[PDB]
Ligand code: SF4
Ligand code: SF4
Ligand code: SF4
Ligand code: SF4
Ligand code: FES
Ligand SMILES: [K+]
Ligand SMILES: [Zn+2]
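Protein chains in written order, with the authors' numbering: chain i, 50 to 97; chain c, 8 to 133; chain f, 3 to 115; chain h, 1 to 72, 89 to 112; chain 5, 7 to 214; chain 9, 1 to 176; chain 3, 6 to 235; chain g, 14 to 127; chain b, 1 to 95; chain 4, 71 to 430.
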């Protein structure tokens, strides 16, 4: 997170390079975020 | 005279755009719907309804839904009197049958009959 | 006052509204003189046209004439006078004071069915 | 808001307006995404007495339309309403 | 009845009743009924032969000035022998009012077109012909406006089913879009939602 | 009550005439438009870095459908068929029968995600908060048949997204 | 003719002697709400839903049992008739269980329909409801007596039409229950008609249980061929 | 029993209108075949036109056949101008549609439809 | 509590499984048949019965407005427990 | 180079909305009105809700009325942004499309925060609104409206004084006032010819008579005057938005007639009457008394009308939708007579035409 950036860029995720046995170094996905962090990343809440 | 004389029967089957096998092979039914026995209300038995015979419904191979090929499966028409429904069916070229309206005949209701001196209409309890 | 623009597109400003309105109202009266007396259209339109003509004749200024005529600009009042004259001629031609042409059927205007 | 002062000055000169006063990019000035729970009020019919539904039934006061003329003197001519009033020019910004 | 009931307008009701009397007395040759609703709306039901005179009077009279034609509609009521009810909605900017003029026709009788009075009637009754099959005599250019180019039947009639009689699909053998008899993977389920109890006693019809 | 857009007469003195003619000959307002587009070049763009940054959303958001459970393992749906009755697109098909212990449970609960208009009437017609519209929206499929959910798919979606759906419901249930 | 004249909402109607207020109102097309009255059963007059007001009379009468005398004016839509209907509906819904989604009568319930049509829109009950122990009367009729409104159509049907006299009422006050008082199976050849005449979901069809809802079923009128009655 | 006519007072002028519409369709069939690049011959198009006229040939009401002539005129104007595509012109010929059996035995074999 | 078939197909909690001679098993060839491994009938069987000292009890599912509508359960019968019609929880009188 | 005849062929988006409305209840027919004009969602919802409330003889609570007017003005801002920017994009200027579409995304965020859907909210319902405003929404509305003045100023700087822009609009599609009245025009098309007409001023609805604003009036009937009228309508919408923010009253959001509006979820799970009413309202729906009404509002594209015919049941017998794009596309032939092809596309642009409302 970086609260000095404007609303929209103030939270981000760097995906992992291996999720469930799939190489995700270049093949990142939007559906790669678990729900407990999916609620925080989409600005539905203030608490991780 | 701006009013011509036409002595022929009213028939509009050539203008409705219905295919012929949905005209000559369909049986329209004109009837007053029965009161639902689960309820005591009689507001649904005031108007005449004309509907059609039920065609084949089969099961979808994918999800098991009910599939049909009959466009007249959900066609229910409402008429105030019987003769309007008859004229509408005869105008559209549908072979129809008519069922007479069934009304409940009046009864003789007496609260004092529950405590008769010598009749079988006494109530065993209350 | 010589208004530069009436405010409505395509509506030219009238230079002499009084003479135009008087001519139009008298023309409406002469056209309406052909309708039978018992017709209610003739009585109502004669009444309103006579009121408008008296108001126009009793006021030399235009701004207070526009204010008391209650019709916006004087040019749309002239337009309405022309439309009333056209309607009066058409109503002479149609003759709608005659009795009703045909009765409707029994349940023509019954709602709900 | 991360722009330098020189870029801000060039931006304001070329735009002609003070862009820093009204920035289109939102920052921490907006309301938080987590709010305390509310307590919404109740309506006027949430009463324990004098709350009979027959005294406030809107749908049951609807009447069938009144038939004025049906086919089964010197009265004045009647307009559908009083004539509309002339609009007044705006005192705030008449553009005149 | 203050908070949750719609307040009633009575001055507008009186004015609309007086104007309905005025119109029905000026034009007795065509006017058959005049009514004013609960929410202050004036409906004038007229004979179909007087569509042009009534509309021209309402457009051109100094006490009417109904210069705007808002909407033109047909309604399909199959139990009537004149099943189509043609509805004109007019707006008067001079008096800030609205009026409704209603007439009737069946499938085979044409109606006189009102393009010569209001110019919106062109597309409006072209759509009415397209959806209900009501012919309008003396029309400039009457064809279909919303349906498909080869469409047979008028869809807004109440004997026309919801899904039609044909459906489109692309066939590779003829390399073309073709029309076939309609078959649904899931039939449209009909719901009987009418309550068996009377809701509004004020609209109760008398028994036979 | 009204104002007169474009009713400004042009002045006919030599100052205004020379100003208009200089504006014609030297192209002043074209330079104004160029300069302001240049000023708009030197601003930070509003572009977010998808998929690493996501647009803001609300706890009321209507995405993918899910079937919830009570906090004991028992599912919440009791086969009352209100959701399929209120569905404006008829996207829900429900078939029910009493199961082994006599409970009133569904045997078939299908939602057609190609018929559904994502209106949220089903989650507000449910008396037990069984059917919900979860916060997930990235569920594009490569096949039409993958968008025809049965009961097992919806139950799996509920088990997948419970940890977020319960929090959204906890955040929003006081507004209902 | 022996007919007398009465008035329903000011409209004159000729009725036979012995006619009730309910039948006189039915003669002009007005259906007074009922919960216990059945046209093929004896008159019990205990649900008190049919309380209508006779004008120039300071008391509402039970329309299902009151005979009309001449000159009577019946006010079916007056203020105090509606007040009586609202009060009786409130008392009926005071102890009813909140089981509408899990009950087979939903969508075809008389209680739901004429609570929406004639009753109020909210509840003033701030106490706890009662619970009634369920009974077993056979594999045909599912019994949930928490939903029963004590309308006593059960006993009137089983005594006057089926002629069994197995159903009854045991208890007093709010603890009064409808049942057989023993583990007895009400097994007759006309048992499902007690499912038919129950206005609430207290008696339901066990084979039909939890299968459909009444609004989505298509109805086809046919003739039974199981015997020669037709 | 008096009704308002549409265009024809009696059957003779209605038959004249039918004749004129058939002449116009018969004239336009070669141009319709050529302009739309249809796979049919001119003879098949004229046989389809005659088949439609013969199918619609059991009517004796002047107003009904006036409406039929009006709708045929709309179709002809719709085809003279290029408003229909090739699919709308070829929709009169049911090439992809399976042949529906007509006798009792085949209908008995294939389903419950009478 | 999932169960398998002689075909090798998983059986859902509703009891559905394709027949051995059924042709509709071809849709799972090269793919998988999705079932829910958490059977609610087996899960609600593990909940202990709650013992209370009243003649009747009230159930709202827990959470108040976040549960089912509040129902009342009678506990007069001693041979059986009182199951809630919504949530499936059962109750027993202490006496 | 000169156009002699224009024949607009439509019907490529005729979905057949009215028949489907006739086959459903009122609550089910509300999203059909959501999807009619897909840039003016809450205005169409408000027109449908006003017609159904007129037929039901009920009125919404004041807070619902203020919410309705505030979101109608936000909807007007969205519609005017889309119309002006797409008009400029068709003529050839592409920068203000992105510049105002950022603010359009912000207004979509407001819609999603209040309803859960960005475009088709299904928020305004007969009886009020479905859900109350969440806490902290109006502060964001206030900040957005505070910066929107500078956004309008920058769009006007790019477009208004340009000679290339005004050369495409100064004498294009001139309409006289009487021809505008006869052809059924409404809204900005009437106002550009000098006709002083506005449905929010002449036949007002919920609390539009409690707010103060001006009405832009053109003088020449061209496309330039209509564009100026739309820009000034943006400014007046901002003014009404500020007034609605400063005058929001407390109270409930639905009508308290629980036989029309569904009860709260907390009282539905506790009270028997509320549970019965919830069941019947979400299965059968409320019954509307028999009658026909015509209710018209001032949508951003003009006079948007619903002609609703109810037979007494819970489903409408007839629902005619009167859209202004129908009449404007009808008048397009008169507009584009004696002009060029590019003038034809500019005339199409200056009529706010969404074909969802045209074909229906
Ligand atoms: S969101 Fe609306 S359309 Fe979709 S399943 Fe639910 S009720 Fe049906
Ligand atoms: S509304 Fe809820 S409980 Fe009722 S059938 Fe639908 S999901 Fe199940
Ligand atoms: S009997 Fe009627 S009121 Fe009682 S739970 Fe069943 S549907 Fe609801
Ligand atoms: S179970 Fe039903 S029929 Fe029997 S007494 Fe109770 S409410 Fe009446
Ligand atoms: S119906 Fe008369 S008291 Fe029950
Ligand atoms: K029952
Ligand atoms: Zn429980």
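For each residue, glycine too, the CB sits at the ideal point set by N, CA and C.
Any chain h beta carbon closer than 9 Å to residue 8 (chain 9)
True, the Cβ-Cβ gap to chain h drops below 9 Å.
Is the CB of residue 289 (chain 4) under 9 Å away from at least one CB in chain f?
With a threshold of 9 Å between beta carbons, residue 289 (chain 4) makes contact with chain f.
I'd like to confirm something about residue 45 (chain c): is its beta-carbon nearer than 8 Å to some heavy atom of ligand 6, or not?
Within the cutoff, so yes.
Return helix, strand or coil for residue 60 (chain 5), following the three-state DSSP convention.
Reduced to three states, the DSSP call for residue 60 (chain 5) is helix.
Beta carbon shell of ligand 3 at less than 7 Å from a heavy atom:
Listed by chain position, these are 101 (chain 3), 102 (chain 3), 104 (chain 3), 105 (chain 3), 108 (chain 3), 110 (chain 3), 111 (chain 3), 114 (chain 3), 116 (chain 3), 117 (chain 3), 152 (chain 3), 205 (chain 3), 206 (chain 3), 207 (chain 3), 346 (chain 4).
Between which two residues does the alpha helix (DSSP H) harbouring residue 94 (chain 4) extend?
Residue 94 (chain 4) -> no alpha helix (DSSP H), and no H or E assigned at all.
What residues from chain c crowd round residue 93 (chain 9), counting only those whose CB sits closer than 7 Å?
Those within 7 Å of residue 93 (chain 9) in chain c are 72.
Evaluate residue 95 (chain h) with the Cβ neighbour count: other Cβ atoms within 10 Å of its Cβ, from every protein chain shown; 16 or more gives buried, anything less gives exposed.
A buried status is given to residue 95 (chain h), since no fewer than 16 other beta-carbon atoms sit within 10 Å of its beta-carbon.
For residue 243 (chain 4), collect the residues of the same chain with a Cβ closer than 8 Å to its Cβ; drop the 5 residues on either side in sequence, then sort them by chain order.
Only 291, 292, 293, 405, 406, 409, 413, 416, 417, 420 meet the Cβ criterion.
If you scan the region 367-428 of chain 4 from start to end, which runs of the beta strand (DSSP E) of 3 or more residues do you find wholly inside it?
Counting whole runs of 3 or more residues, the region 367-428 of chain 4 contains the beta strand (DSSP E) stretches 372-380, 386-392.
Counted within 10 angstroms of its Cβ, other Cβ atoms place residue 177 (chain 4) as buried (16 or more) or exposed
Counting Cβ neighbours within 10 Å, residue 177 (chain 4) comes out buried, since at least 16 surround it.
For residue 364 (chain 4), write down the residues that DSSP places opposite it in a beta bridge.
Per DSSP, 377 (chain 4).
Note down, in chain order, each residue of its chain lying with its Cβ closer than 7 Å to the Cβ of residue 200 (chain 3), except the 5 sequence neighbours on either side.
Correct list, in chain order: 146, 208, 209, 210.
Does chain h have any CB closer than 9 Å to the CB of residue 105 (chain f)?
Between residue 105 (chain f) and chain h, the shortest Cβ-Cβ separation is below 9 Å.
Where residue 109 (chain g) and residue 180 (chain 5) are concerned, what is the direct C-alpha to C-alpha distance, given to the nearest angstrom?
Roughly 8 Å separates the two Cα atoms.
If we ignore side chains and look at the alpha-carbon of each, how far apart do residue 355 (chain 4) and residue 384 (chain 4) end up?
Roughly 6 Å separates the two Cα atoms.
Any non-hydrogen atom of ligand 1 closer than 8 Å to residue 190 (chain 4) Cβ
Incorrect: residue 190 (chain 4) has no Cβ contact closer than 8 Å to ligand 1.
Suppose the cutoff is 6 Å on Cβ atoms and the five residues either side in sequence are ignored; what does the same chain contact list for residue 108 (chain 9) look like?
Result list for residue 108 (chain 9): 95, in chain order.
Other residues of its chain near residue 309 (chain 4): CB distance less than 6 Å, five sequence neighbours each side excluded
Taken in chain order, the residues that qualify are 283.
Name, going along the chain, the residues of the region 180-211 of chain 5 whose beta-carbon falls closer than 8 Å to a beta-carbon of chain 3.
Listed by position, the residues of the region 180-211 of chain 5 near chain 3 (Cβ gap below 8 Å) are 195, 196, 197, 198, 199, 201, 202, 203, 204, 205, 207, 210, 211.
Residues that residue 187 (chain 5) bridges to, as DSSP identifies them:
Answer by DSSP bridge pairing, in chain order: 172 (chain 5).
Less than 8 Å separating the Cβ of residue 195 (chain 5) from some heavy atom of ligand 1?
Flag unset: Cβ of residue 195 (chain 5) not near ligand 1.
The region 118-129 of chain 3 in contact with the region 161-175 of chain 3 per 3-pair CB rule at 8 Å:
Taking 8 Å as the limit for Cβ pairs, the verdict is that the region 161-175 of chain 3 does not touch the region 118-129 of chain 3.
Got a sec: is the Cβ-Cβ distance from residue 119 (chain 3) to anything in chain c below 9 Å?
It does; some Cβ of chain c falls within 9 Å.
State the beta-bridge partners of residue 80 (chain 5) as determined by DSSP.
Under DSSP, residue 80 (chain 5) takes part in a beta bridge, and its partners are 92 (chain 5).
Hey, quick one: how far does the beta strand (DSSP E) through residue 42 (chain 5) stretch, first residue to last?
Counting along the chain, residue 42 (chain 5) sits inside the beta strand (DSSP E) bounded by residues 37-42.
Taking three-plus beta-carbon pairs below 8 Å as touching, is the region 79-88 of chain 5 in contact with the region 16-24 of chain 5?
Not touching, per the Cβ criterion.
Evaluate residue 62 (chain f) with the Cβ neighbour count: other Cβ atoms within 10 Å of its Cβ, from every protein chain shown; 16 or more gives buried, anything less gives exposed.
Classification for residue 62 (chain f): exposed.
Should the region 183-192 of chain 4 be regarded as contacting the region 59-78 of chain 9, the criterion being three or more beta carbon pairs within less than 8 Å?
The region 183-192 of chain 4 vs the region 59-78 of chain 9: in contact.
What would DSSP say about residue 72 (chain b), mapped onto helix, strand or coil?
DSSP places residue 72 (chain b) in strand when its eight states are reduced to three.
Does ligand 5 have even one heavy atom less than 8 Å from the beta-carbon of residue 51 (chain 3)?
The answer is yes for residue 51 (chain 3).
Could you please tell me which residues of the region 85-97 of chain i, in chain order, have their CB closer than 8 Å to any CB of chain 9?
Correct list: 85, 87, 88, 90, 91, 92, 93, 94.
When you compare the CB of residue 171 (chain 5) with every CB in chain c, is at least one pair closer than 9 Å?
So, interface residue.
Under 9 Å, do residue 33 (chain h) and residue 51 (chain i) count as touching if we go by C-beta distance?
With respect to residue 51 (chain i), residue 33 (chain h) sits apart: the two C-beta atoms are not nearer than 9 Å.
Stretch-stretch touch, CB-based, cutoff 8 Å, three pairs: the region 58-70 of chain h with the region 213-221 of chain 4
No contact exists between the region 58-70 of chain h and the region 213-221 of chain 4.
Name the chain f residues that come within less than 7 Å of residue 31 (chain 5), Cβ to Cβ?
Ordered by position in chain f, the residues that pass the 7 Å Cβ test against residue 31 (chain 5) are 42.
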